[PDB]
$ cat target.cif   # mmCIF, C-alpha atoms
data_final
loop_
_atom_site.label_atom_id
_atom_site.label_comp_id
_atom_site.auth_asym_id
_atom_site.auth_seq_id
_atom_site.Cartn_x
_atom_site.Cartn_y
_atom_site.Cartn_z
CA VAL A 99 -87.28 -25.17 29.82
CA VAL A 100 -85.87 -26.49 26.54
CA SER A 101 -84.51 -23.70 24.35
CA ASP A 102 -85.80 -24.50 20.88
CA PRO A 103 -86.20 -21.97 18.04
CA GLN A 104 -89.66 -23.26 17.08
CA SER A 105 -91.26 -21.80 20.20
CA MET A 106 -93.97 -19.12 20.11
CA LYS A 107 -92.39 -15.88 21.33
CA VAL A 108 -94.96 -13.48 22.79
CA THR A 109 -94.12 -9.98 24.00
CA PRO A 110 -95.72 -9.00 27.34
CA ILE A 111 -99.07 -7.28 26.94
CA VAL A 112 -98.69 -4.45 29.43
CA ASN A 113 -95.32 -2.73 29.44
CA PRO A 114 -92.83 -3.31 32.26
CA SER A 115 -90.57 -0.81 30.49
CA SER A 116 -93.23 1.83 31.24
CA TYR A 117 -95.21 0.91 34.34
CA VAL A 118 -97.88 3.58 34.09
CA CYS A 119 -99.35 5.11 37.24
CA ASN A 120 -102.65 3.78 38.55
CA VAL A 121 -104.47 7.05 39.27
CA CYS A 122 -102.20 9.13 36.96
CA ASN A 123 -99.64 8.50 34.20
CA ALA A 124 -96.48 9.46 36.10
CA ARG A 125 -94.14 6.97 34.45
CA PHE A 126 -90.85 5.77 35.94
CA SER A 127 -88.26 3.05 35.39
CA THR A 128 -89.25 1.11 38.54
CA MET A 129 -92.72 0.61 40.03
CA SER A 130 -91.25 0.75 43.56
CA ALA A 131 -90.83 4.51 43.11
CA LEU A 132 -94.39 4.59 41.74
CA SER A 133 -95.87 3.17 44.96
CA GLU A 134 -94.85 6.30 46.89
CA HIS A 135 -96.39 8.82 44.49
CA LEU A 136 -99.84 7.28 44.97
CA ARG A 137 -99.14 7.01 48.71
CA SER A 138 -98.61 10.80 48.85
CA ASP A 139 -100.53 12.45 46.00
CA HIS A 140 -103.60 10.33 45.16
CA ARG A 141 -105.10 9.76 48.60
CA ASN A 155 -102.50 24.94 45.16
CA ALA A 156 -104.71 24.88 42.07
CA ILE A 157 -102.81 23.43 39.07
CA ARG A 158 -99.66 21.54 39.92
CA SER A 159 -98.79 19.98 36.54
CA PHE A 160 -100.02 18.64 33.24
CA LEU A 161 -98.86 15.77 31.07
CA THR A 162 -98.79 16.24 27.32
CA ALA A 163 -99.56 13.40 24.93
CA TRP A 164 -97.53 14.85 22.08
CA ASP A 165 -94.19 15.61 23.74
CA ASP A 166 -94.40 13.41 26.90
CA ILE A 167 -93.08 16.08 29.26
CA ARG A 168 -94.52 17.61 32.42
CA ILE A 169 -95.54 21.27 32.21
CA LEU A 170 -95.55 22.86 35.66
CA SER A 171 -97.16 25.96 37.09
CA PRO A 172 -95.00 28.95 38.01
CA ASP A 173 -94.02 29.15 41.66
CA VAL A 174 -96.23 30.69 44.32
CA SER A 175 -93.24 32.77 45.48
CA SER A 176 -93.77 35.31 42.70
CA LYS A 177 -92.64 38.17 44.95
CA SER A 178 -89.08 37.51 43.78
CA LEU A 179 -90.33 37.95 40.20
CA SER A 180 -89.98 41.52 39.00
CA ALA A 181 -92.90 43.92 38.64
CA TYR A 182 -92.99 46.03 35.49
CA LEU A 183 -93.87 49.75 35.40
CA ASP A 184 -95.86 50.46 38.59
CA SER A 185 -97.96 47.29 38.32
CA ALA A 186 -97.70 44.45 40.83
CA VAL A 187 -98.04 40.73 40.23
CA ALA A 188 -101.44 39.73 41.59
CA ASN A 189 -101.47 36.57 43.70
CA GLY A 190 -104.20 34.53 45.29
CA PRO A 191 -105.46 35.52 48.72
CA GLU A 192 -104.93 33.45 51.85
CA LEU A 193 -108.39 31.91 51.87
CA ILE A 194 -107.91 28.57 53.62
CA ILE A 195 -106.94 29.10 57.26
CA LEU B 390 -117.94 25.58 74.09
CA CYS B 391 -117.82 28.46 71.64
CA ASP B 392 -119.15 31.99 71.77
CA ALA B 393 -122.03 32.36 69.34
CA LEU B 394 -120.58 35.60 67.97
CA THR B 395 -117.45 33.85 66.69
CA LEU B 396 -119.53 30.85 65.61
CA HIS B 397 -121.68 33.26 63.61
CA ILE B 398 -118.53 34.49 61.88
CA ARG B 399 -116.83 31.14 61.24
CA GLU B 400 -120.08 29.78 59.81
CA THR B 401 -120.60 32.89 57.67
CA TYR B 402 -116.98 32.70 56.51
CA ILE B 403 -117.53 29.11 55.46
CA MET B 404 -120.70 30.07 53.63
CA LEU B 405 -118.38 32.46 51.79
CA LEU B 406 -116.07 29.59 50.85
CA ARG B 407 -118.88 27.29 49.76
CA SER B 408 -120.34 30.19 47.77
CA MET B 409 -117.14 30.38 45.73
CA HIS B 410 -116.87 26.62 45.27
CA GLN B 411 -116.17 25.58 41.70
CA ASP B 412 -117.10 21.98 40.86
CA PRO B 413 -113.69 20.50 39.96
CA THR B 414 -115.16 18.00 37.51
CA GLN B 415 -116.23 20.90 35.27
CA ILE B 416 -112.70 22.26 34.80
CA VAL B 417 -112.45 20.22 31.57
CA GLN B 418 -115.23 22.21 29.90
CA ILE B 419 -113.70 25.44 31.21
CA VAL B 420 -110.32 24.73 29.61
CA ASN B 421 -111.91 23.69 26.28
CA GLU B 422 -114.18 26.71 25.93
CA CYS B 423 -111.40 29.06 27.02
CA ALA B 424 -109.17 27.50 24.35
CA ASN B 425 -111.80 27.41 21.55
CA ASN B 426 -111.33 23.60 21.44
CA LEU B 427 -107.62 23.88 20.65
CA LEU B 428 -106.37 22.15 23.81
CA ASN B 429 -108.38 19.48 25.62
CA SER B 430 -107.51 17.98 28.98
CA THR B 431 -108.74 15.15 31.18
CA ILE B 432 -108.47 15.92 34.89
CA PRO B 433 -109.36 12.97 37.15
CA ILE B 434 -110.67 13.96 40.57
CA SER B 435 -111.97 11.87 43.45
CA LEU B 436 -115.45 13.00 44.43
CA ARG B 437 -115.41 13.42 48.21
CA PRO B 438 -118.17 14.50 50.60
CA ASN C 973 -95.33 0.31 -4.89
CA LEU C 974 -92.33 0.30 -7.22
CA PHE C 975 -91.32 3.62 -5.63
CA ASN C 976 -91.56 2.23 -2.06
CA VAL C 977 -94.91 4.00 -1.48
CA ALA C 978 -97.94 1.93 -0.52
CA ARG C 979 -101.58 2.93 -0.89
CA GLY C 980 -104.52 1.98 1.28
CA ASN C 981 -104.99 2.03 5.03
CA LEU C 982 -103.30 0.02 7.76
CA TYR C 983 -104.34 -2.72 10.17
CA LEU C 984 -103.06 -3.69 13.62
CA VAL C 985 -104.61 -6.96 14.84
CA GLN C 986 -103.26 -10.03 16.61
CA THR C 987 -102.54 -12.88 14.20
CA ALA C 988 -100.57 -16.01 15.10
CA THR C 989 -99.92 -17.77 11.79
CA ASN C 990 -98.56 -21.28 11.97
CA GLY C 991 -98.16 -20.99 8.20
CA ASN C 992 -97.98 -18.27 5.58
CA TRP C 993 -98.21 -14.52 6.14
CA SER C 994 -98.40 -11.76 3.52
CA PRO C 995 -98.75 -8.16 4.71
CA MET C 996 -98.40 -6.71 1.22
CA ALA C 997 -100.99 -9.01 -0.40
CA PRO C 998 -103.91 -9.80 1.93
CA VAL C 999 -105.66 -13.02 0.98
CA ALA C 1000 -109.10 -12.03 2.32
CA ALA C 1001 -111.23 -8.91 2.43
CA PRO C 1002 -110.09 -6.51 5.17
CA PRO C 1003 -112.22 -6.46 8.32
CA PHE C 1004 -113.84 -3.42 10.01
CA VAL C 1005 -113.81 -0.73 7.30
CA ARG C 1006 -114.73 2.84 8.25
CA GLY C 1007 -118.41 3.14 9.09
CA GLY C 1008 -118.91 -0.62 9.27
CA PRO C 1009 -120.87 -2.68 11.80
CA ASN C 1010 -120.09 -1.08 15.22
CA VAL C 1011 -116.73 0.29 14.07
CA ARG C 1012 -115.81 3.38 16.05
CA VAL C 1013 -113.65 6.31 14.91
CA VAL C 1014 -111.51 8.36 17.28
CA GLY C 1015 -112.10 12.11 17.25
CA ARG C 1016 -109.59 14.91 16.86
CA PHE C 1017 -107.80 14.96 20.20
CA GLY C 1018 -107.15 11.24 20.59
CA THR C 1019 -108.33 11.41 24.17
CA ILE C 1020 -108.84 8.71 26.82
CA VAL C 1021 -110.80 9.35 30.01
CA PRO C 1022 -109.80 7.18 32.98
CA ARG C 1023 -112.54 5.49 34.95
CA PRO C 1024 -112.63 4.74 38.68
CA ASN C 1025 -112.78 1.46 40.59
CA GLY C 1026 -111.80 -1.24 38.14
CA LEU C 1027 -113.76 -0.01 35.15
CA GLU C 1028 -112.16 -0.14 31.73
CA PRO C 1029 -110.71 3.14 30.45
CA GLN C 1030 -112.95 4.80 27.89
CA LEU C 1031 -111.91 6.34 24.57
CA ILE C 1032 -113.61 9.39 23.08
CA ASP C 1033 -115.00 8.63 19.63
CA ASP C 1034 -115.60 10.95 16.67
CA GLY C 1035 -118.98 11.98 18.05
CA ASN C 1036 -117.41 13.08 21.37
CA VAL C 1037 -118.78 10.09 23.30
CA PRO C 1038 -116.54 7.88 25.46
CA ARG C 1039 -116.47 4.36 24.04
CA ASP C 1040 -114.78 1.26 25.38
CA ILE C 1041 -111.45 0.16 23.96
CA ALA C 1042 -112.22 -3.50 23.18
CA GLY C 1043 -113.67 -3.48 19.68
CA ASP C 1044 -112.83 -2.05 16.26
CA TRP C 1045 -111.19 1.35 16.03
CA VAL C 1046 -110.15 3.75 13.28
CA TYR C 1047 -107.17 6.09 13.58
CA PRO C 1048 -106.53 9.08 11.35
CA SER C 1049 -102.78 9.46 10.93
CA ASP C 1050 -102.93 12.97 12.38
CA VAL C 1051 -104.70 11.70 15.52
CA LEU C 1052 -101.98 9.09 16.03
CA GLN C 1053 -99.33 11.82 15.94
CA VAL C 1054 -100.89 13.82 18.77
CA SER C 1055 -101.87 10.75 20.80
CA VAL C 1056 -98.72 8.63 20.62
CA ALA C 1057 -98.19 7.70 24.27
CA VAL C 1058 -101.94 7.36 24.84
CA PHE C 1059 -102.11 4.87 21.98
CA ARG C 1060 -99.04 3.05 23.27
CA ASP C 1061 -100.12 2.80 26.92
CA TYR C 1062 -103.83 1.98 26.71
CA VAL C 1063 -105.17 0.69 23.40
CA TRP C 1064 -102.02 -1.01 22.09
CA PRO C 1065 -101.95 -3.70 24.83
CA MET C 1066 -105.57 -4.37 23.90
CA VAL C 1067 -104.28 -5.04 20.38
CA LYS C 1068 -101.55 -7.31 21.79
CA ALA C 1069 -104.12 -9.28 23.78
CA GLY C 1070 -106.29 -9.42 20.66
CA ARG C 1071 -109.26 -7.90 22.45
CA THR C 1072 -109.35 -5.00 19.98
CA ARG C 1073 -108.39 -4.35 16.37
CA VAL C 1074 -107.43 -0.87 15.20
CA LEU C 1075 -107.30 0.60 11.72
CA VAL C 1076 -104.78 3.36 11.03
CA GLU C 1077 -106.26 5.48 8.24
CA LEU C 1078 -103.40 7.01 6.30
CA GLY C 1079 -103.68 7.55 2.57
CA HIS C 1080 -100.25 6.75 1.18
CA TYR C 1081 -97.13 5.85 3.06
CA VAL C 1082 -93.52 4.80 2.67
CA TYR C 1083 -93.03 1.20 3.77
CA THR C 1084 -89.99 -0.68 5.03
CA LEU C 1085 -90.01 -4.46 4.75
CA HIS C 1086 -88.51 -6.82 7.31
CA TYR C 1087 -87.57 -10.31 6.17
CA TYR C 1088 -87.09 -13.15 8.64
CA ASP C 1089 -86.39 -16.84 8.50
CA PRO C 1090 -89.66 -18.65 9.34
CA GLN C 1091 -87.63 -21.37 11.08
CA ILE C 1092 -86.96 -19.15 14.10
CA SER C 1093 -90.08 -17.72 15.70
CA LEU C 1094 -90.60 -13.97 15.84
CA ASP C 1095 -92.88 -11.45 17.52
CA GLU C 1096 -93.59 -8.38 15.41
CA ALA C 1097 -94.43 -6.06 18.33
CA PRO C 1098 -90.87 -4.97 19.39
CA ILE C 1099 -90.22 -4.16 15.73
CA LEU C 1100 -93.55 -2.30 15.70
CA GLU C 1101 -93.29 -0.66 19.13
CA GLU C 1102 -90.13 0.90 17.71
CA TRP C 1103 -92.29 2.36 14.94
CA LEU C 1104 -94.63 3.80 17.56
CA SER C 1105 -91.94 5.40 19.73
CA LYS C 1106 -90.51 7.25 16.73
CA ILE C 1107 -93.83 8.88 15.78
CA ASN C 1108 -93.66 12.62 16.41
CA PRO C 1109 -96.37 15.20 15.82
CA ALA C 1110 -94.18 16.16 12.85
CA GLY C 1111 -94.11 12.92 10.90
CA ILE C 1112 -94.24 9.14 10.96
CA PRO C 1113 -91.52 6.60 10.10
CA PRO C 1114 -91.86 4.23 7.14
CA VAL C 1115 -94.17 1.45 8.25
CA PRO C 1116 -92.45 -1.87 9.05
CA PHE C 1117 -93.76 -5.18 7.76
CA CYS C 1118 -92.30 -8.53 8.76
CA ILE C 1119 -92.52 -10.80 5.70
CA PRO C 1120 -91.43 -14.45 5.97
CA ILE C 1121 -88.62 -15.36 3.57
CA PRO C 1122 -90.20 -17.95 1.24
CA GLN C 1123 -88.52 -21.33 1.62
CA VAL C 1124 -87.73 -23.96 -1.00
CA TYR C 1125 -88.50 -26.96 1.23
CA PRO C 1126 -91.65 -27.73 3.24
CA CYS C 1127 -90.22 -27.36 6.74
CA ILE C 1128 -91.83 -27.31 10.14
CA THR C 1129 -92.58 -23.66 10.78
CA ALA C 1130 -92.81 -21.73 14.04
CA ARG C 1131 -95.76 -19.53 14.94
CA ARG C 1132 -95.32 -15.77 14.72
CA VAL C 1133 -97.61 -13.25 16.36
CA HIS C 1134 -97.92 -10.81 13.46
CA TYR C 1135 -99.55 -7.41 13.81
CA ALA C 1136 -99.21 -5.10 10.81
CA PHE C 1137 -100.79 -5.60 7.40
CA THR C 1138 -102.57 -3.42 4.87
CA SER C 1139 -105.88 -3.21 3.01
CA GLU C 1140 -105.05 -2.75 -0.67
CA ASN C 1141 -102.80 -5.22 -2.50
CA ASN C 1142 -99.43 -3.46 -2.30
CA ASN C 1143 -97.40 -6.48 -3.44
CA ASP C 1144 -96.77 -4.91 -6.82
CA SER C 1145 -92.95 -5.00 -6.93
CA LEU C 1146 -92.29 -8.57 -5.83
CA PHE C 1147 -91.32 -10.23 -9.16
CA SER C 1148 -90.09 -13.54 -7.66
CA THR C 1149 -90.35 -15.91 -4.76
CA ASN C 1150 -87.42 -18.36 -5.19
CA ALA C 1151 -85.69 -17.36 -8.40
CA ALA C 1152 -82.67 -19.66 -8.69
CA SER C 1153 -84.58 -22.54 -7.07
CA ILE C 1154 -86.88 -25.04 -8.78
CA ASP C 1155 -90.17 -24.59 -6.89
CA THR C 1156 -91.33 -22.65 -3.85
CA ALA C 1157 -92.70 -24.72 -0.98
CA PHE C 1158 -93.65 -22.62 2.06
CA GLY C 1159 -94.06 -19.03 0.92
CA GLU C 1160 -96.02 -17.43 -1.89
CA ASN C 1161 -96.01 -18.86 -5.41
CA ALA C 1162 -95.01 -15.56 -7.00
CA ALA C 1163 -93.52 -16.51 -10.34
CA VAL C 1164 -92.38 -13.88 -12.82
CA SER C 1165 -95.42 -12.02 -14.15
CA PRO C 1166 -95.87 -12.30 -17.94
#

$ encode --input "target.cif" --output "structure tokens"
Amino acid sequence: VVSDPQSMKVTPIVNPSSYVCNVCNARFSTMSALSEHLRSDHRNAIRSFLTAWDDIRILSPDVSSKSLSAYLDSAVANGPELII
Amino acid sequence: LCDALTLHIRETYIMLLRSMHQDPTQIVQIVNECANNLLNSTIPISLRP
Amino acid sequence: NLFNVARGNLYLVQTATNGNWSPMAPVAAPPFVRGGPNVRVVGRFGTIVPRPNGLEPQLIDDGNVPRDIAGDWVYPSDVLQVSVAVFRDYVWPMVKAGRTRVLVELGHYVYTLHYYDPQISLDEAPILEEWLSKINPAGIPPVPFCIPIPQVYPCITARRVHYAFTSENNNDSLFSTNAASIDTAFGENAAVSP
């Protein structure tokens, strides 16, 4: 390796700064943490979304909505215990 | 071994669950038409038996 | 162009010039205009569907059909604002590898010029990835253009992988190429316009 200025500098094609997920786009700073998300998730109803305009994760409200208050003689309707 | 009376129930209960099955690959068209094409999504699922 | 506003659309291809490069004044006709031979235009959402088992990811065109990334694409400026990270993760490496060429259709735009010594080599993408990370849905930054500083002596000249150039001749405020010198050698021969 001879460090000369006349040497064609090429940026990497895929990004190591943003190793995107294989079956998702859950980005991280290290792909070692990415190998455990696919080991657990890609093997409720809506767990999350990922927005292309703000790059944040929008999550569902919690299933423990009993702690949430009920307003004026009307209860928060939850899903039934179907899968047993 | 299983009593046929319980097997008649646990098979009828699972006909109830397969009756209410929504094809998860069609959730994309549900979200679009319920948003009047203001918010599109792409939901990847793995088609399993 | 005298008021730092450039007309015409924008091009992002891979180009490794051993010699001269001019983003403001393109020497040839621009490739893949809108509606050309198999040139595909992205629809409103800027949406990419992932595909299973080693297939290439598909991009939804203007006619709401998934099309493959490797080819010639057209971007409205509004579509690029809502689809920033989807541009930057999927179709922008296919520009870096040269397997696709995108057009960024925006009518008029403020432009910032970068000037570099063509002795030292340079890659335009980290200067241009910075332009992509600063695009909000609100607005876009002034578009960067790396222009080689025109030399007075015919030197050996490093390759540069250049990316951004425009369609219309926007080199309307240049006025000189080596003013105090005697004769330009490497860069453009832009003498003072009578």

$ resolve_selection --input "target.cif" --expression "the PyMOL selection byres ((chain A) within 12 of (chain B))" --output "PyMOL selection string"
chain A and resi 120-123+139-141+156-164+192-195

$ write_last_selection --input "target.cif" --atoms "C-alpha atoms" --output "PDB file, keeping the file's coordinate frame"
ATOM      1  CA  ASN A 120    -102.650   3.780  38.550  1.00  0.00           C
ATOM      2  CA  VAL A 121    -104.470   7.050  39.270  1.00  0.00           C
ATOM      3  CA  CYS A 122    -102.200   9.130  36.960  1.00  0.00           C
ATOM      4  CA  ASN A 123     -99.640   8.500  34.200  1.00  0.00           C
ATOM      5  CA  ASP A 139    -100.530  12.450  46.000  1.00  0.00           C
ATOM      6  CA  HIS A 140    -103.600  10.330  45.160  1.00  0.00           C
ATOM      7  CA  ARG A 141    -105.100   9.760  48.600  1.00  0.00           C
ATOM      8  CA  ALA A 156    -104.710  24.880  42.070  1.00  0.00           C
ATOM      9  CA  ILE A 157    -102.810  23.430  39.070  1.00  0.00           C
ATOM     10  CA  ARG A 158     -99.660  21.540  39.920  1.00  0.00           C
ATOM     11  CA  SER A 159     -98.790  19.980  36.540  1.00  0.00           C
ATOM     12  CA  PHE A 160    -100.020  18.640  33.240  1.00  0.00           C
ATOM     13  CA  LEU A 161     -98.860  15.770  31.070  1.00  0.00           C
ATOM     14  CA  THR A 162     -98.790  16.240  27.320  1.00  0.00           C
ATOM     15  CA  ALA A 163     -99.560  13.400  24.930  1.00  0.00           C
ATOM     16  CA  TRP A 164     -97.530  14.850  22.080  1.00  0.00           C
ATOM     17  CA  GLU A 192    -104.930  33.450  51.850  1.00  0.00           C
ATOM     18  CA  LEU A 193    -108.390  31.910  51.870  1.00  0.00           C
ATOM     19  CA  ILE A 194    -107.910  28.570  53.620  1.00  0.00           C
ATOM     20  CA  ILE A 195    -106.940  29.100  57.260  1.00  0.00           C
TER      21      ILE A 195
END

$ closest_atom_pairs --input "target.cif" --of "chain C" --to "chain B" --cutoff "12 Å" --atoms "only C-alpha atoms" --output "Markdown table"
| residue | atom | partner | partner_atom | distance |
| --- | --- | --- | --- | --- |
| C:1015 | CA | B:429 | CA | 11.8 |
| C:1016 | CA | B:427 | CA | 9.9 |
| C:1017 | CA | B:429 | CA | 7.1 |
| C:1018 | CA | B:429 | CA | 9.7 |
| C:1019 | CA | B:431 | CA | 8.0 |
| C:1020 | CA | B:431 | CA | 7.8 |
| C:1021 | CA | B:431 | CA | 6.3 |
| C:1022 | CA | B:433 | CA | 7.1 |
| C:1023 | CA | B:433 | CA | 8.4 |
| C:1024 | CA | B:435 | CA | 8.6 |
| C:1025 | CA | B:435 | CA | 10.8 |
| C:1029 | CA | B:433 | CA | 12.0 |
| C:1030 | CA | B:431 | CA | 11.6 |
| C:1031 | CA | B:431 | CA | 11.5 |
| C:1032 | CA | B:431 | CA | 11.1 |
| C:1036 | CA | B:429 | CA | 11.9 |
| C:1054 | CA | B:428 | CA | 11.2 |
| C:1055 | CA | B:429 | CA | 11.9 |

$ interface_residues --input "target.cif" --of "chain A" --to "chain C" --cutoff "8 Å" --atoms "all atoms listed in the file" --output "MDAnalysis selection string"
chainID A and resid 103:109 111:113 118 163:166

$ atom_distance --input "target.cif" --atom1 "atom CA of residue C:1151" --atom2 "atom CA of residue C:1165"
12.5 Å

$ resolve_selection --input "target.cif" --expression "the PyMOL selection byres ((chain C and resi 1042) around 8)" --output "VMD selection string"
chain C and resid 1040 to 1041 1043 to 1044 1066 1071 to 1073

$ resolve_selection --input "target.cif" --expression "the PyMOL selection byres ((chain C and resi 997-1013) around 7)" --output "PyMOL selection string"
chain C and resi 994-996+1014-1015+1033-1034+1044-1047+1139+1141-1143

$ residues_near_point --input "target.cif" --point "(-95.1, -2.9, -6.0)" --cutoff "7 Å" --atoms "only C-alpha atoms" --output "ChimeraX atom specification"
/C:973-974,1142-1146

$ atom_distance --input "target.cif" --atom1 "atom CA of residue C:1162" --atom2 "atom CA of residue C:1115"
22.9 Å

$ residues_around --input "target.cif" --residues "stretch 1117-1127 of chain C" --least-positions-apart "4" --cutoff "10 Å" --atoms "all atoms listed in the file" --output "PyMOL selection string"
chain C and resi 991-996+1083-1091+1094-1096+1099-1100+1132+1134-1138+1148-1150+1153-1162

$ atom_distance --input "target.cif" --atom1 "atom CA of residue A:138" --atom2 "atom CA of residue A:189"
26.4 Å

$ residues_near_point --input "target.cif" --point "(-96.0, 13.3, 7.0)" --cutoff "9 Å" --atoms "only C-alpha atoms" --output "MDAnalysis selection string"
chainID C and resid 1049:1050 1081 1110:1113
